[PDB]
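K.L.:
Below you'll find the structure I mean.
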There are 2 protein chains.
Amino acid sequence: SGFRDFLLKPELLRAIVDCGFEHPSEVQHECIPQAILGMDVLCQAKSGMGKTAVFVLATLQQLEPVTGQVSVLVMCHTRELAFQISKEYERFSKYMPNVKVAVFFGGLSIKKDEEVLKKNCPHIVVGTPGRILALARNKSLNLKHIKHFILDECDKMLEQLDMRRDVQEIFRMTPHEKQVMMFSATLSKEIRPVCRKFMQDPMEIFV
Amino acid sequence: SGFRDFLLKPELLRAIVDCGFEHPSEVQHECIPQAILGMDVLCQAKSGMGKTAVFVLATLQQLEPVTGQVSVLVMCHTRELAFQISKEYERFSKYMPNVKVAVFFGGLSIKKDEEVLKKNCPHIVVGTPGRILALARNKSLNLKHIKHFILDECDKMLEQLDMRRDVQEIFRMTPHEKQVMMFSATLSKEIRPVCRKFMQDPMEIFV
C-alpha cells in the first residue's frame, strides 16, 4: 500500500517507512490526496483507520515553517488523544529538523503556556478550546497565521454548546484562507451540518 | 512507574511521561541514577537500549542554564545520529522553553555556525570533532564553561588517530570539573582504556 503512492516529500516518506506503515486504510487512501492539496475535509472513521495520521501527514506535508509563527492548530476533547497527536507529529517529522509542536490541554498556571509561546514558539499547537481561547484572548497565542484548523473527536466538542461557542470564537480569530478538517469515529446526522458550517465545499467521507 | 522513580525535576518528568515513555531499558535503569549525580560513564549497549536518552535526560536534569554560554557538549560519528540526538533534547526539554540546542556537523560554511553562536548561543551543542574544533580554534565557540562532555559512537571516533587527536584537543579546552560520558553499541577491549583516559573513576556498563 503506497504511502509512497501519495505525493509526499522525501523526508516525510522516510519517516513513514521508519514507523512501519506500508498500508493506508481506505480512509487514508481517499483523504490524504485531497488533504495534501489543502482541501477541507469532514471525516467519520472508526478506530484503527488512522484519522490522526491523515491530518498529521497532510499538515506536515504542507508546512511552511516560519520562526515564531504558529501555522497549525489542532483541538480535541480527550487529553490522552492530544498527546498521542503530538507523539504522531514527532514520529513523522523525524527527518524534518526544527519542526516544533506544543500541547496546551490544561495545566495549572497559564503562565507556563505563555512562556513556551514566548521563548520557544511552536509551529504546531494542540490543545483544548478553553485554554487555547484564553491564550488567544490575552494575546500570548497569535492565531493570525493559522493555515490549518483541525478538530478531532469533533462531535464531542461541537455537540456541547459551551465548547462549540469557544471553538467558534477561536475560529473567528484565524485567517479565512486556510484548510479546515474535522474527524471523529461518530458523526450523527444532526451534527454533520454543524461541522460543515466551518468549511468550504469539503470532501466528505463517512464510515 | 518507569521514569517516575528517577528523581528528576518536575518539568523533566512531565515531558517524559507526556511523550509516552513508560519503559526504561535495563541500561537506563542502571546509568541514569548515577549520571544524574554527575558521575562519569562508559557504556556499551545494543541499538534500541536508549543510550541517547541516558545522557539527554541526565544532562537536562543537571543543566544550570546561563545565557550566552554552552555547558553541554555532545559529539558523535554519524550525521544522522547527531540530528536525532537533537530531537531527543527538544522532546524532553518540552517544558523547559529557555533551553536551546544546536547542531554543527559541518558540510557548510563555518561562518554560518559562527552566526549562531554570536546571536543565539545554545546551552547544548551537538556536532563532529572537526567542526567543533574549528569553531573553538577561531574563538567562536567558548568551551570554558562545559560541564558535560559526551561522545556517542565513541569507538568509531577514538578509533581514528586523527579524529582522536581532535577530540583530545577539544577536551583540553574544557574545565577539569565536568562530567564525561561515552556511549557506543560496541566497545572493543582495545579502545576501552582509551575511553577511560578522559574519565575519573567512571561507572562502566558493557551489555
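Derivation of every value follows stated rules applied to the coordinates shown; laboratory data play no part. Note that we place each Cβ from the backbone using ideal geometry, even for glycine, and neighbour counts take in every protein chain shown.
K.L.:
Along Cα→Cβ, 7 Å out, is where each label goes; now give me the distance between the ones at A:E26 and A:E115 in nm to one decimal.
P.N.:
About 4.9 nm, to one decimal.
K.L.:
Among A:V17, B:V194, what is the fewest-to-most ranking by other Cβ atoms within 10 Å?
P.N.:
Numbers: A:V17 12, B:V194 16.
If I rank by nearby Cβ atoms, fewest first, I get A:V17, B:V194.
K.L.:
Right, another one. Which cross-chain or sequence-distant (5 or more) residues have an amide H under 5 Å from the amide H of B:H148, H modelled 1.01 Å from N in plane?
P.N.:
Close amide H contacts, sequence-distant or interchain: B:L73, B:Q179.
K.L.:
If you don't mind, another one. Evaluate the relative contact order of chain A (contact order divided by residue number), counting alpha-carbon pairs under 8 angstrom at least 6 apart; express in whole percent. Walk me through the numbers before you get to the answer.
P.N.:
On the way: 353 pairs, mean separation 58.8, N = 207.
Relative contact order, chain A: 28 percent.
K.L.:
For A:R137 and B:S188, what does the FRET efficiency come to when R0 = 56 Å and r is the distance between their Cβ atoms, rounded to the nearest 0.05? Can you show the working numbers first?
P.N.:
Details: r = 61 Å, r/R0 = 1.08.
Between A:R137 and B:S188 the formula returns 0.40.
K.L.:
So, with +1 on the Cβ of K and R and -1 on the Cβ of D and E, and no other charges, what is the size of the charge dipole of region A:131-207 about its Cα centre, to the nearest 20 debye?
P.N.:
On the way: 14 positive and 11 negative charges, 76 e Å.
The dipole of region A:131-207 has a size of about 360 debye.
K.L.:
Starting from the eigenvalues of the Cα gyration tensor, five times each then square-rooted, give me the equivalent ellipsoid semi-axes of the protein assembly as shown, largest first, whole Å.
P.N.:
On the way: eigenvalues 361, 93, 80 Å².
Over the Cα atoms of the protein assembly as shown, the semi-axes work out to 42, 22, 20 Å.
K.L.:
Under 12 Å from the Cα of B:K147, which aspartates and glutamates turn up, not counting those fewer than eight places away in the same chain?
P.N.:
Filter leaves B:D40, B:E64, B:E177.
K.L.:
Size of the dipole of the protein assembly as shown about the Cα centre, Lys and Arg at +1 and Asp and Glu at -1 on the beta carbon, nothing else charged, in debye to 20?
P.N.:
Working: 56 positive and 50 negative charges, 251 e Å.
Computed charge dipole of the protein assembly as shown: roughly 1200 debye.
K.L.:
Also, quick follow-up: What dipole magnitude, in Debye to the nearest 20, does chain A give about its Cα centre under +1 on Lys/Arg Cβ and -1 on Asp/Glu Cβ?
P.N.:
Numbers: 28 positive and 25 negative charges, 144 e Å.
The calculation lands at about 700 debye.
K.L.:
Please state the shape class of region B:100-143: rounded when a/c is under 1.5, otherwise prolate if a/b exceeds b/c and oblate if not, all from the C-alpha gyration tensor. It would help to have the intermediate numbers written out before the result.
P.N.:
On the way: a/c = 1.29, a/b = 1.21, b/c = 1.06.
Here region B:100-143 falls in the rounded category.
K.L.:
Ok, one more. Could you tell me the extents of region B:147-207's C-alpha atoms along the three principal axes, largest first, rounded to whole Å?
P.N.:
30, 27, 16
K.L.:
Moving on to the next point. Measuring from the lowest to the highest alpha carbon on each principal axis, how far does region A:54-199 reach, largest first, in angstroms?
P.N.:
Computed over the Cα atoms, the extents are 42, 32, 30 Å.
K.L.:
Please tell me the relative contact order of region B:76-157 in percent, rounded to the nearest whole number, where contacts are Cα pairs under 8 Å and at least six residues apart. Intermediate values should be presented prior to the final figure.
P.N.:
Working: 78 pairs, mean separation 31.6, N = 82.
38 percent.
K.L.:
Output the pairs from B:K111/B:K144; A:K156/B:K100; B:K139/B:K189; B:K46/B:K197; B:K9/B:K197; A:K111/B:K51 with a Cα-Cα distance over 30 Å in this structure; if there are none, say none.
P.N.:
Values: B:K111/B:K144 21 Å; A:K156/B:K100 38 Å; B:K139/B:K189 36 Å; B:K46/B:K197 23 Å; B:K9/B:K197 32 Å; A:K111/B:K51 34 Å.
From the list (B:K111/B:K144; A:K156/B:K100; B:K139/B:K189; B:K46/B:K197; B:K9/B:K197; A:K111/B:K51), the Cα-Cα distance tops 30 Å for A:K156/B:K100; B:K139/B:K189; B:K9/B:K197; A:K111/B:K51.
K.L.:
Sticking with this structure for a sec: Within 10 Å of each Cβ in B:86-98, how many Cβ atoms from other chains are there, averaged over the peptide? It would help to have the intermediate numbers written out before the result.
P.N.:
On the way: counts 2, 8, 0, 0, 7, 4, 0, 1, 8, 6, 4, 11, 5.
Mean number of neighbouring Cβ atoms from other chains: 4.
K.L.:
Under 5 Å between amide H atoms, partner at least 5 residues away or on a different chain: which partners does B:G127 have, H built in plane at 1.01 Å?
P.N.:
Hits under the 5 Å cutoff: B:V74, B:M75, B:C76, B:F104.
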